[PDB]
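What follows is a single structure, written as C-alpha cells, with notes after it.
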Amino acid sequence: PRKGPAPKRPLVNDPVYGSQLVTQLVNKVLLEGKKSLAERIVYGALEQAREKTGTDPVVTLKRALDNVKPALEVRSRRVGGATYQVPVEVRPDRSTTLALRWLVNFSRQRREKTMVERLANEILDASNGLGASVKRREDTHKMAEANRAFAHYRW
Amino acid sequence: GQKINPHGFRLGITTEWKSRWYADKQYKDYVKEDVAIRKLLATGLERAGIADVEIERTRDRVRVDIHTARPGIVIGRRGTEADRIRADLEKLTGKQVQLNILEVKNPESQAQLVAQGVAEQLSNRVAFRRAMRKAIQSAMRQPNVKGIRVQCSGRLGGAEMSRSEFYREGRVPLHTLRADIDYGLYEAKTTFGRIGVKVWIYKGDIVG
RNA sequence: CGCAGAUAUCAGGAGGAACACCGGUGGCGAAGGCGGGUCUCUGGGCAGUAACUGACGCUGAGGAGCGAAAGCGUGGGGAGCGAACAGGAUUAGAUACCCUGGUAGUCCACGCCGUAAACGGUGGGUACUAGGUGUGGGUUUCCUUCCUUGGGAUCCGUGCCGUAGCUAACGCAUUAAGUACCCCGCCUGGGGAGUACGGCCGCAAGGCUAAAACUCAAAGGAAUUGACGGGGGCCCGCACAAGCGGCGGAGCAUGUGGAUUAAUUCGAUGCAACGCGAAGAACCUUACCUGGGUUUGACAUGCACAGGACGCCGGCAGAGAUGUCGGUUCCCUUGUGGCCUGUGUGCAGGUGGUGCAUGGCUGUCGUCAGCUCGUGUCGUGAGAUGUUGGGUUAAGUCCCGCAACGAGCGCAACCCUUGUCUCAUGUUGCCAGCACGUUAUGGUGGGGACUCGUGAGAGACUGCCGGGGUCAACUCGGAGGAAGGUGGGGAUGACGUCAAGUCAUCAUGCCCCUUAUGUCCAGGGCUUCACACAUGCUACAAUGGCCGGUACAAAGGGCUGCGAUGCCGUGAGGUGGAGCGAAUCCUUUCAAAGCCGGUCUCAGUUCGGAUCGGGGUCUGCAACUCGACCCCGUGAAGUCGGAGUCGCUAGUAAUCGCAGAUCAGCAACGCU
RNA sequence: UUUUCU
Ligand SMILES: [Mg+2]
Ligand SMILES: [Mg+2]
Ligand SMILES: [Mg+2]
Ligand SMILES: [Mg+2]
Ligand SMILES: [Mg+2]
Ligand SMILES: [Mg+2]
Ligand SMILES: [Mg+2]
Ligand SMILES: [Mg+2]
Ligand SMILES: [Mg+2]
Ligand SMILES: [Mg+2]
Ligand SMILES: [Mg+2]
Ligand SMILES: [Mg+2]
Ligand SMILES: [Mg+2]
Ligand SMILES: [Mg+2]
Ligand SMILES: [Mg+2]
Ligand SMILES: [Mg+2]
Ligand SMILES: [Mg+2]
Ligand SMILES: [Mg+2]
Ligand SMILES: [Mg+2]
Ligand SMILES: [Mg+2]
Ligand SMILES: [Mg+2]
Ligand SMILES: [Mg+2]
Ligand SMILES: [Mg+2]
Ligand SMILES: [Mg+2]
Ligand SMILES: [Mg+2]
Ligand SMILES: [Mg+2]
Ligand SMILES: [Mg+2]
Ligand SMILES: [Mg+2]
Ligand SMILES: [Mg+2]
Ligand SMILES: [Mg+2]
Ligand SMILES: [Mg+2]
Ligand SMILES: [Mg+2]
Ligand SMILES: [Mg+2]
Ligand SMILES: [Mg+2]
Ligand SMILES: [Mg+2]
Ligand SMILES: [Mg+2]
Ligand SMILES: [Mg+2]
Ligand SMILES: [Mg+2]
Ligand SMILES: [Mg+2]
Ligand SMILES: [Mg+2]
Ligand SMILES: [Mg+2]
Ligand SMILES: [Mg+2]
Ligand SMILES: [Mg+2]
Ligand SMILES: [Mg+2]
Ligand SMILES: [Mg+2]
Ligand SMILES: [Mg+2]
Ligand SMILES: [Mg+2]
Ligand SMILES: [Mg+2]
Ligand SMILES: [Mg+2]
Ligand SMILES: [Mg+2]
Ligand SMILES: [Mg+2]
Ligand SMILES: [Mg+2]
Ligand SMILES: [Mg+2]
Ligand SMILES: [Mg+2]
Ligand SMILES: [Mg+2]
Ligand SMILES: [Mg+2]
Ligand SMILES: [Mg+2]
Ligand SMILES: [Mg+2]
Ligand SMILES: [Mg+2]
Ligand SMILES: [Mg+2]
Ligand SMILES: [Mg+2]
Ligand SMILES: [Mg+2]
Ligand SMILES: [Mg+2]
Ligand SMILES: [Mg+2]
Ligand SMILES: [Mg+2]
Ligand SMILES: [Mg+2]
Ligand SMILES: [Mg+2]
Ligand SMILES: [Mg+2]
Ligand SMILES: [Mg+2]
C-alpha cells in the first residue's frame with residue numbers, strides 16, 4: 001500500500017434475491033473454499049430464519065445489520081513508552097463488513113448442537129437485540145466513550 | 001555459483017552440437033565409448049593443443065574430426081601419431097573408424113589454444129603479468145576478435161594464498177544472447193599444485 | 001498537605017532577593033564586570049583652536065596594588081533557590097539521572113586565601129601595503145529642499161566578504177599570524193612531575209621557586225576514503241497496517257543434539273546445516289568392530305634371471321575367501337607379439353590426513369542497482385570532478401545548468417511459454433453436409449467448413465486525442481483494440497564480502513600405511529533412547545463420519561516392461577495373456593471434491609486412529625535385529641491450544657486429486 | 001521510560 005490506494009474488486013450481486021449482502025455473507029463464511037456447500041448452507045439457514053420469524057428475510061437481515069453496525073472504534077497507540085487507545089471514526093462500508101465478521105464469529109461459538117438452525121437463531125437474537133453481536137457492539141461503544149479522553153491525538 | 005557457462009547458455013541459438021547421432025537402445029554403450037575415447041585422447045595428446053573434438057556416428061561407421069594448433073606432431077609425415085591413434089581406437093573397438101584433420105584459420109582467435117599457451121607459460125617459468133600482457137596483445141592484434149577477458153585462479157608465484165585476478169578489454173556482454181562468446185578452460189600445472197585459467201572471447205554479432 | 005476546614009477567590013498586613021518590556025552580536029572600563037528611579041562627590045575618553053613647556057618617548061627582572069566564583073574568622077538577617085542527609089519510583093545491583101522534605105551557602109559590615117578554557121588559546125609601542133559592504137561618536141563643503149542613511153572630505157572604535165603575501169594544513173588579512181625596528185617572559189621528546197626536599201606566604205584549606213633516579217622507540221598537529229551512530233533529510237520491500245491459514249498441546253515418518261555400545265563410518269553447525277552430502281543402508285555399497293587368509297600383492301606398466309603356458313567349464317574340504325583334483329588349450333612364427341601362472345625390481349594400491357594451499361562446482365547479501373576505466377582540470381599529498389542540485393521512472397532510464405569531454409560491466413531488448421488472428425494442413429486425430437451401422441461409440445465409406453497437433457506472418461509502439469508540464473523528459477483521463485502505459489510467468493546472479501560448503505564426486509601439492517590404515521568373504525551395525533529440537537500427514541467432529549445412485553481435465557511412463565477379456569479370492573493378489581518401442585494397446589470410459597437419497601442430535605462420539613495379538617499375498621538364495629500390502633481382535637492421548645513465531649495482495653490464499661525421477665521388494669506423509 | 005558485557 002505504499003504507492004497508494006489499491007483498486008477494489010467489483011463484487012457481484014446475488015441473483016437469487018438481489019442483494020450483494022448475501023454474496024458477502026457466503027464469502028465470509030467460506031470454509032476450506034467450498035462455494036456450493038457454503039451457499040447451500042446459507043440459503044437453508046435463511047429459509048429456516050424466514051419460517052421461524054414469519055417475516056421477510058431480506059428485511060430482517062437489513063434490520064439486524066442496521067442494529068449491529070457500529071459507528072466508532074478503538075485503535076491502539078503507544079507514545080512515550082506507554083500504551084494508549086484512541087477512538088477513530090469508521091466508514092459505514094467497513095462498519096458493515098466488520099459487523100458481518102462479528103456475526104460470523106458469534107455464529108461460530110455457541111452450543112445449539114446444529115449450526116444450520118443456530119445461525120438463523122443468532123440472526124433472530126441480533127435482530128431482537130438480545131444477541132452476542134449487539135452485546136459486543138455495546139462493549140465496543142462503552143470502550144470508545146470511556147477512552148474519549150485521549151481523542152486529542154487524532155490518529 | 002557466479003556465472004553459467006555461455007556455451008551452455010547459448011547452445012540453442014548460436015553454437016551447434018559438436019556431436020550428432022541417434023540411438024536409444026545402445027545409447028548407453030555409445031555414450032560410454034564416446035566419453036571413454038575422448039578422455040583417452042585427452043590424456044594421450046598434450047603436446048599439441050586440440051581445440052575441439054566432434055564425433056558423428058552413422059550405424060556402424062564412426063567419423064572423428066580433430067582441430068589442432070598445428071598438424072606437424074598431430075600427424076607425422078609418415079603417419080606416426082595417426083597410426084598410434086588408429087591402433088588405440090581399434091583396441092577400444094570402435095568398429096570402422098575414420099580419421100580427419102581440420103586446421104584452424106586463426107591460431108589465437110579462439111579460447112582453447114590461447115588457454116593452453118597461457119597455462120604452459122605460467123607453468124614453465126613465465127610470470128602471470130607478462131603472460132596476460134602477451135596473450136591480450138596477441139588476441140587484440142587480430143581484427144575480427146573484439147573483446148577478450150582472461151582470468152587466473154589459484155596459487156601464483158608460490159605464495160601461500162589464492163589470488164583471483166582478471167584483465168578485461170572490449171566486449172563481454174554475456175547477458176546479451178545475440179552476442180558471440182567463446183569459452184575455454186584449462187588447468188596449468190606447477191610444482192606447488194594446480195592453477196586454472198579461464199578466458200572469454202567476443203567475436204562479432206549474428207542476425208538471422 | 002487537608003475534611004479541626006485545604007486548593008480557589010475578595011480585603012488588609014509582614015518581610016527578603018532581583019529589576020521584563022528600552023535591551024542588540026549596541027555602549028563603557030585595563031581585565032574581572034557593568035544597567036528600577038532621584039539626589040551628592042568622583043575618574044577616564046574623543047573632535048577643533050591650535051595660546052604654553054621644549055625630547056620631558058617605549059620598555060620593563062625583583063617590587064607594590066587590583067583581581068570571577070568557591071572556602072575560613074567575627075556579628076546580624078535569612079523570602080525564594082539549594083551541596084550534605086532522609087524518604088518514594090526504575091534497575092539484578094542506584095551511593096544518579098525523576099519526585100517530596102532540607103543543614104551550610106547564596107545577602108550585609110569588618111579581615112582573610114589570590115587562584116580559572118583570567119581564550120581573540122595571538123604582549124606593548126612605532127611607519128607602510130588594492131577594495132566592497134554595516135554600525136557609534138565629532139567636525140566640514142556642495143545638489144540644496146537646505147527637511148533628508150541626497151552626495152563629497154577627515155579622526156577615533158567596532159563586524160562580514162574579499163587580492164598581493166604568509167602559512168605543513170585549518171586559516172590571517174589595515175583591528176594582520178603581511179613587509180620592518182626597540183623592549184620583557186616563556187619552552188628544546190612522552191611519562192616520572194608542576195611531584196619529592198628546602199625556602200617564602202597563610203589560622204586552616206592550601207598557593208608561589210622548582211629537582212634527580214627509573215622507563216619508553218613513540219608520543220602529537222593538520223588533512224583524505226571507508227566503517228559506525230539509540231544524527232538529520234529524501235525513498236523502497238508481505239517490514240509494518242487491514243485479512244487468510246499455519247508451527248509451539250496428541251499419534252506417526254525423516255534429520256540432528258545429548259548417553260550407551262567393540263562400532264553406532266565421515267563431513268556440514270544462526271542468518272547462509274538440520275525430509276543435509278543417503279533419486280531406495282539385510283550381502284555390495286561400509287571406509288566401522290570380531291575372526292580367518294593374502295602377498296610386487298585384488299589391479300596396470302619398464303627393466304634381469306626362470307617358460308609356454310596363462311586363460312577357462314566341474315568333484316572334494318572349509319564361516320567364505322580360498323586349497324586340491326576331473327574336461328579344452330594357444331592365435332603368429334623363430335624373432336617373438338597377445339596373456340599371465342611362481343621370484344622380485346621399480347610400483348600399484350588408500351572414502352588415512354590437510355577446503356587456513358589449491359582447480360572446478362555451489363549458497364547468501366540480492367535479481368538489490370550499483371560498480372568502473374581513457375583524456376583533461378584542480379591540490380604537493382593521501383586525493384576531488386565526472387557519479388553535484390531540480391524534475392521523472394520499477395531501474396547510473398532520461399531532461400535541464402554546472403571542468404568536464406567519452407566509454408564499460410549492469411538495467412530494457414534480442415531466447416521459452418502463455419493472450420488473438422491469417423495462410424499451409426487431414427492420420428492413429430475431428431465432423432460442417434451426405435450413405436451403411438442398429439446398440440458400442442465417426443464404428444464404417446466420405447469431408448477442412450473450426451479446434452485438434454507443428455511451420456510462416458501480423459498484432460503494443462503512449463499507436464491517437466484533452467489537461468499539467470521550462471515545449472522536454474514524465475504523468476492523469478479518453479477512443480480503437482485481446483491486452484495501455486515493462487499484458488503474465490520464465491531462462492537470465494556487475495565488482496566484491498561471508499578464509500562460507502565440497503580432498504566422501506573427480507583431479508590436484510605435501511605427510512602418513514605397504515607386509516598394512518590395501519585386498520575377498522561369513523554374521524552384526526548405521527533403524528540403538530530415561531529426553532530435546534525442525535519439517536510434513538491424520539485429526540481434534542455435522543461445512544462432518546458412513547452407505548447407494550451420479551458428471552465434469554491435464555500431462556507424462558511402458559523390452560527382458562505396461563499389462564486386455566475371462567475365471568477364483570473381501571483384498572492383498574493366483575492362472576492366463578489380446579495391444580505395444582507406443583495420438584493406435586495399458587496407466588480404468590483419468591478421476592476426487594461436486595449433485596441427489598438414508599443414519600447419526602453432539603457422546604471421548606458411527607469422528608479419530610496409533611500401540612499390542614491371531615491368519616495370508618507379493619519381490620527376493622537369503623523378511624528375527626530389518627521391508628511393504630490384505631483380514632481380524634486390541635481401543636490409548638487428543639475438545640482449536642501459553643508467551644513467541646511463520647507463508648500469503650488474483651486464478652491469489654485455502655481445500656481435493658493425478659503422473660514421474662531412484663526402484664525386483666520398499667522406510668515415499670519427502671521431491672518434481 | 002529503561003535497556004548490562006565481547
Ligand atoms: Mg537484461
Ligand atoms: Mg486563597
Ligand atoms: Mg570574564
Ligand atoms: Mg565627568
Ligand atoms: Mg605656536
Ligand atoms: Mg588588596
Ligand atoms: Mg563569595
Ligand atoms: Mg566548611
Ligand atoms: Mg563566612
Ligand atoms: Mg552565623
Ligand atoms: Mg520567612
Ligand atoms: Mg533515598
Ligand atoms: Mg532535588
Ligand atoms: Mg527544597
Ligand atoms: Mg592557572
Ligand atoms: Mg604587536
Ligand atoms: Mg573602521
Ligand atoms: Mg591568494
Ligand atoms: Mg605561522
Ligand atoms: Mg596550504
Ligand atoms: Mg578575512
Ligand atoms: Mg590586528
Ligand atoms: Mg623527559
Ligand atoms: Mg606529571
Ligand atoms: Mg604543589
Ligand atoms: Mg615542605
Ligand atoms: Mg597520530
Ligand atoms: Mg585530528
Ligand atoms: Mg556516523
Ligand atoms: Mg511484494
Ligand atoms: Mg501481521
Ligand atoms: Mg504443528
Ligand atoms: Mg511439534
Ligand atoms: Mg520425516
Ligand atoms: Mg556424524
Ligand atoms: Mg534443523
Ligand atoms: Mg541444528
Ligand atoms: Mg529438503
Ligand atoms: Mg560397514
Ligand atoms: Mg552397514
Ligand atoms: Mg580426512
Ligand atoms: Mg572442513
Ligand atoms: Mg550492499
Ligand atoms: Mg599538480
Ligand atoms: Mg567528490
Ligand atoms: Mg568521488
Ligand atoms: Mg557528470
Ligand atoms: Mg557510486
Ligand atoms: Mg548502468
Ligand atoms: Mg471427419
Ligand atoms: Mg558480487
Ligand atoms: Mg577459507
Ligand atoms: Mg576455513
Ligand atoms: Mg591423497
Ligand atoms: Mg593431493
Ligand atoms: Mg599413507
Ligand atoms: Mg590399509
Ligand atoms: Mg565382505
Ligand atoms: Mg543412517
Ligand atoms: Mg494426509
Ligand atoms: Mg481371486
Ligand atoms: Mg470412473
Ligand atoms: Mg482404527
Ligand atoms: Mg483404532
Ligand atoms: Mg481413515
Ligand atoms: Mg484428549
Ligand atoms: Mg472431544
Ligand atoms: Mg502469543
Ligand atoms: Mg524402489
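Following the order of the C-alpha cells, chains are lettered A, B, ..., residues in each are numbered from 1, and ligands are numbered from 1.
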8 Å contacts from chain B to chain C using only C-alpha atoms (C1' of nucleotides), as a compact mmCIF listing (two decimals) with C-alpha atoms, in the first residue's frame:
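So the final result, stored in out_26.txt, reads:
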```txt
# COMPACT_ATOMS: atom_id res chain seq x y z
CA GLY B 1 27.78 -20.05 -8.11
CA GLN B 2 28.54 -16.85 -10.01
CA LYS B 3 28.26 -17.39 -13.78
CA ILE B 13 20.80 -20.08 -30.59
CA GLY B 154 44.90 -20.49 -7.75
CA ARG B 155 48.36 -20.08 -6.26
CA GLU B 160 50.58 -19.37 0.42
CA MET B 161 47.36 -17.70 -0.71
CA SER B 162 44.87 -17.65 -3.58
CA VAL B 172 31.99 -9.01 -22.60
CA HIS B 175 23.75 -11.21 -20.68
CA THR B 176 23.02 -10.34 -24.33
CA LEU B 177 22.12 -13.62 -26.01
CA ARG B 178 22.72 -12.25 -29.51
CA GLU B 187 44.41 -26.23 -15.80
CA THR B 191 55.46 -27.78 -8.54
CA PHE B 192 53.25 -26.39 -5.76
CA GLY B 193 49.97 -27.62 -7.25
CA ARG B 194 47.38 -26.73 -9.89
CA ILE B 195 46.24 -23.45 -11.46
CA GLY B 196 43.10 -22.87 -13.52
```
Open item on the list: Give me the residues near residue 139 (chain B) as a PyMOL selection string, where near means some atom within 8 Å (using only C-alpha atoms (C1' of nucleotides)) and where sequence neighbours in that chain fewer than 3 positions away do not count.
Closed with: chain B and resi 108-109+135-136+142+145+148
Only N, CA, C and O atoms, please: the residues just picked out, written as a PDB file, in the first residue's frame.
```pdb
ATOM      1  N   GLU B 108      45.072 -17.804 -32.661  1.00  0.00           N
ATOM      2  CA  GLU B 108      44.770 -17.172 -31.382  1.00  0.00           C
ATOM      3  C   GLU B 108      43.441 -16.422 -31.397  1.00  0.00           C
ATOM      4  O   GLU B 108      43.261 -15.474 -30.625  1.00  0.00           O
ATOM      5  N   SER B 109      42.507 -16.827 -32.254  1.00  0.00           N
ATOM      6  CA  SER B 109      41.178 -16.230 -32.297  1.00  0.00           C
ATOM      7  C   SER B 109      40.154 -17.003 -31.477  1.00  0.00           C
ATOM      8  O   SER B 109      38.969 -16.654 -31.506  1.00  0.00           O
ATOM      9  N   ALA B 135      49.306 -12.400 -24.034  1.00  0.00           N
ATOM     10  CA  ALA B 135      48.087 -13.030 -24.529  1.00  0.00           C
ATOM     11  C   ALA B 135      47.094 -11.984 -25.015  1.00  0.00           C
ATOM     12  O   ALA B 135      46.514 -12.117 -26.100  1.00  0.00           O
ATOM     13  N   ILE B 136      46.893 -10.925 -24.227  1.00  0.00           N
ATOM     14  CA  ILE B 136      45.944  -9.886 -24.609  1.00  0.00           C
ATOM     15  C   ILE B 136      46.409  -9.181 -25.874  1.00  0.00           C
ATOM     16  O   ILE B 136      45.609  -8.912 -26.777  1.00  0.00           O
ATOM     17  N   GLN B 142      44.527  -9.503 -33.901  1.00  0.00           N
ATOM     18  CA  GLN B 142      43.600  -9.997 -34.914  1.00  0.00           C
ATOM     19  C   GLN B 142      42.419  -9.039 -35.049  1.00  0.00           C
ATOM     20  O   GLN B 142      41.823  -8.655 -34.036  1.00  0.00           O
ATOM     21  N   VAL B 145      38.438 -10.472 -33.910  1.00  0.00           N
ATOM     22  CA  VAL B 145      38.123 -10.525 -32.488  1.00  0.00           C
ATOM     23  C   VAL B 145      38.074  -9.111 -31.926  1.00  0.00           C
ATOM     24  O   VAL B 145      38.884  -8.247 -32.291  1.00  0.00           O
ATOM     25  N   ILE B 148      38.262  -9.477 -25.227  1.00  0.00           N
ATOM     26  CA  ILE B 148      38.971 -10.582 -24.590  1.00  0.00           C
ATOM     27  C   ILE B 148      39.018 -10.325 -23.091  1.00  0.00           C
ATOM     28  O   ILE B 148      39.306  -9.205 -22.657  1.00  0.00           O
TER      29      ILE B 148
END
```
- [ ] Please check which protein, DNA or RNA residues sit within 12 Å of ligand 4, counting only C-alpha atoms (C1' of nucleotides) and all ligand atoms, and write them as a list in words.
- [x] residues 41, 42, 43, 44 and 45 of chain C
- [ ] May I have the residues within 12 Å of ligand 42, computed using only C-alpha atoms (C1' of nucleotides) and all ligand atoms, as a PyMOL selection string?
- [x] chain C and resi 266-269+354-356+499-503
TODO: Excluding residue 567 (chain C) and any residue of its chain fewer than 6 positions from it, enumerate the residues within 12 Å of it, using only C-alpha atoms (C1' of nucleotides), and give them as number ranges by chain.
DONE: C: 574-576
Residue 2 (chain D) environment, 10 Å, only C-alpha atoms (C1' of nucleotides), sequence neighbours closer than 6 positions dropped, as a PDB file with N, CA, C and O atoms (P, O5', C5', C4', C3', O3' and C1' of nucleotides), in the first residue's frame:
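Saved as around_1.pdb:
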```pdb
ATOM      1  N   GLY A  81       6.744   5.545  25.681  1.00  0.00           N
ATOM      2  CA  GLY A  81       6.930   4.349  26.473  1.00  0.00           C
ATOM      3  C   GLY A  81       5.683   3.824  27.146  1.00  0.00           C
ATOM      4  O   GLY A  81       5.784   2.903  27.965  1.00  0.00           O
TER       5      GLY A  81
ATOM      6  P     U C  90       9.019   0.415  41.199  1.00  0.00           P
ATOM      7  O5'   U C  90      10.090   0.764  40.073  1.00  0.00           O
ATOM      8  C5'   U C  90       9.684   1.044  38.742  1.00  0.00           C
ATOM      9  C4'   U C  90      10.870   1.197  37.824  1.00  0.00           C
ATOM     10  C3'   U C  90      11.887   0.066  37.860  1.00  0.00           C
ATOM     11  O3'   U C  90      11.504  -1.041  37.062  1.00  0.00           O
ATOM     12  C1'   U C  90      13.011   2.140  37.994  1.00  0.00           C
ATOM     13  P     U C  91      11.938  -2.529  37.482  1.00  0.00           P
ATOM     14  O5'   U C  91      13.516  -2.540  37.272  1.00  0.00           O
ATOM     15  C5'   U C  91      14.081  -2.286  35.995  1.00  0.00           C
ATOM     16  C4'   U C  91      15.573  -2.089  36.082  1.00  0.00           C
ATOM     17  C3'   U C  91      16.347  -3.191  36.786  1.00  0.00           C
ATOM     18  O3'   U C  91      16.596  -4.311  35.956  1.00  0.00           O
ATOM     19  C1'   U C  91      17.058  -1.090  37.599  1.00  0.00           C
TER      20        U C  91
END
```
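Within 8 Å of chain A, and using only C-alpha atoms (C1' of nucleotides), the residues found on chain C are residues 542, 543, 601, 602, 654 and 655 of chain C.
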Include N, CA, C and O atoms (P, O5', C5', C4', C3', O3' and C1' of nucleotides) and write out the residues we just selected as a PDB file, in the first residue's frame.
```pdb
ATOM      1  P     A C 542     -19.252 -30.195  14.452  1.00  0.00           P
ATOM      2  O5'   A C 542     -19.620 -31.241  13.308  1.00  0.00           O
ATOM      3  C5'   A C 542     -19.100 -31.105  11.988  1.00  0.00           C
ATOM      4  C4'   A C 542     -20.198 -31.154  10.956  1.00  0.00           C
ATOM      5  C3'   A C 542     -21.232 -30.040  11.070  1.00  0.00           C
ATOM      6  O3'   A C 542     -21.728 -29.703   9.776  1.00  0.00           O
ATOM      7  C1'   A C 542     -22.293 -32.124  11.385  1.00  0.00           C
ATOM      8  P     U C 543     -22.335 -28.241   9.508  1.00  0.00           P
ATOM      9  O5'   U C 543     -21.926 -27.915   8.006  1.00  0.00           O
ATOM     10  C5'   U C 543     -21.965 -28.915   6.994  1.00  0.00           C
ATOM     11  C4'   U C 543     -20.824 -28.746   6.023  1.00  0.00           C
ATOM     12  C3'   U C 543     -19.515 -29.413   6.437  1.00  0.00           C
ATOM     13  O3'   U C 543     -18.789 -29.815   5.275  1.00  0.00           O
ATOM     14  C1'   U C 543     -19.191 -27.081   6.294  1.00  0.00           C
ATOM     15  P     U C 601     -29.023 -39.626  17.402  1.00  0.00           P
ATOM     16  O5'   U C 601     -28.820 -38.145  17.952  1.00  0.00           O
ATOM     17  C5'   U C 601     -27.618 -37.768  18.615  1.00  0.00           C
ATOM     18  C4'   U C 601     -27.487 -36.268  18.707  1.00  0.00           C
ATOM     19  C3'   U C 601     -28.423 -35.596  19.709  1.00  0.00           C
ATOM     20  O3'   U C 601     -27.785 -34.448  20.267  1.00  0.00           O
ATOM     21  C1'   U C 601     -28.888 -34.788  17.539  1.00  0.00           C
ATOM     22  P     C C 602     -27.486 -34.362  21.843  1.00  0.00           P
ATOM     23  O5'   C C 602     -25.902 -34.217  21.926  1.00  0.00           O
ATOM     24  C5'   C C 602     -25.071 -35.366  22.047  1.00  0.00           C
ATOM     25  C4'   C C 602     -23.676 -35.102  21.537  1.00  0.00           C
ATOM     26  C3'   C C 602     -23.046 -33.796  22.013  1.00  0.00           C
ATOM     27  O3'   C C 602     -21.635 -33.967  22.150  1.00  0.00           O
ATOM     28  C1'   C C 602     -23.184 -33.781  19.662  1.00  0.00           C
ATOM     29  P     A C 654      -2.420 -21.234   1.905  1.00  0.00           P
ATOM     30  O5'   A C 654      -3.740 -21.323   2.791  1.00  0.00           O
ATOM     31  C5'   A C 654      -4.260 -22.583   3.185  1.00  0.00           C
ATOM     32  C4'   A C 654      -5.765 -22.615   3.096  1.00  0.00           C
ATOM     33  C3'   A C 654      -6.366 -23.929   2.623  1.00  0.00           C
ATOM     34  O3'   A C 654      -6.469 -24.889   3.660  1.00  0.00           O
ATOM     35  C1'   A C 654      -7.347 -22.143   1.429  1.00  0.00           C
ATOM     36  P     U C 655      -5.609 -26.245   3.600  1.00  0.00           P
ATOM     37  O5'   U C 655      -6.595 -27.288   2.911  1.00  0.00           O
ATOM     38  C5'   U C 655      -7.879 -27.538   3.461  1.00  0.00           C
ATOM     39  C4'   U C 655      -8.866 -27.946   2.398  1.00  0.00           C
ATOM     40  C3'   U C 655      -8.478 -29.157   1.565  1.00  0.00           C
ATOM     41  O3'   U C 655      -8.747 -30.385   2.219  1.00  0.00           O
ATOM     42  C1'   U C 655      -9.206 -27.428   0.135  1.00  0.00           C
TER      43        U C 655
END
```
Task: Distance of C1' of residue 141 (chain C) from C1' of residue 153 (chain C), expressed in Å to one decimal place - done: 7.8 Å
- [ ] Could you give me, as a PyMOL selection string, every polymer residue with an atom at most 10 Å away from an atom of ligand 12, counting only C-alpha atoms (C1' of nucleotides) and all ligand atoms?
- [x] chain C and resi 85-88+94-95
Resulting file, chosen residues, C-alpha atoms (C1' of nucleotides), as a PDB file, in the first residue's frame:
```pdb
ATOM      1  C1'   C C  85      21.200  13.761  54.717  1.00  0.00           C
ATOM      2  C1'   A C  86      16.202  11.400  54.845  1.00  0.00           C
ATOM      3  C1'   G C  87      12.410   9.063  52.255  1.00  0.00           C
ATOM      4  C1'   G C  88       9.211   7.487  47.295  1.00  0.00           C
ATOM      5  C1'   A C  94      21.493   3.143  42.256  1.00  0.00           C
ATOM      6  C1'   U C  95      25.754   5.611  46.950  1.00  0.00           C
TER       7        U C  95
END
```
- [ ] Using DSSP on the backbone, list every residue of chain B that comes out as helix (DSSP H, G or I), and give them as a VMD selection string.
- [x] chain B and resid 6 to 9 27 to 44 71 to 74 80 to 92 111 to 124 128 to 141
- [ ] Report the distance between atom 1 (Mg, counted along the ligand's line) of ligand 69 and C1' of residue 569 (chain C) in Å, rounded to one decimal place.
- [x] 27.7 Å
- [ ] Enumerate as a PyMOL selection string all residues of chain A assigned to strand (DSSP E or B) by DSSP on the backbone, naming them with the chain letters and numbers the document uses.
- [x] chain A and resi 72-79+82-89
- [ ] Have a look at A:8, A:78, A:142, A:28 and name the one nearest to chain D; count only C-alpha atoms (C1' of nucleotides).
- [x] A:78
